[PDB]
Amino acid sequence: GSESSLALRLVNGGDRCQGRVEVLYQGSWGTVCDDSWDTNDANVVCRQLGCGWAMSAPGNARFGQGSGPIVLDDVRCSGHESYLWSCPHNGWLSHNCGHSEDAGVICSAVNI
């Protein structure tokens, strides 16, 4: 429901441990823009989901465009954070992007 935020999932990757990053924001699953999105950020996501370490951090909607709101932009994780929510970013819903820039991750546990 609309009171709930701060869940994380990967979609459209064909595997539990890769795909487009989606973040729950006020009942809607939103996406993350690829601006400043890098393997440090992907590693927080991969570790948070128990998927190993980040092998790469694809941009440009490699795993498709989402249909929800764009909720995070210019994420600046160091790679050591325990939650994506802990990393610096632009502020929720503050972006300069479109869904052709939706960010993704490929984690080391893919396929296995």
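So that there is no doubt, residue numbering starts at 1 and follows the sequence shown.
Visitor: Look up the CA B-factors in the entry and say which stretch, 50-58 or 29-37, has the higher mean.
Guide: 50-58 has the higher mean C-alpha B-factor.
Visitor: Would you mind ranking residue 105 by its C-alpha B-factor against the rest of the chain and naming the third, lowest, middle or highest?
Guide: Tercile = lowest for this residue's CA B-factor.
Visitor: Going by the recorded CA B-factors, say which third of the chain residue 79 sits in, lowest, middle or highest.
Guide: Tercile = lowest for this residue's CA B-factor.
Visitor: With respect to C-alpha B-factor, does residue 20 fall in the lowest, middle or highest third of the chain as deposited?
Guide: For residue 20, the deposited C-alpha B-factor lands in the lowest third.
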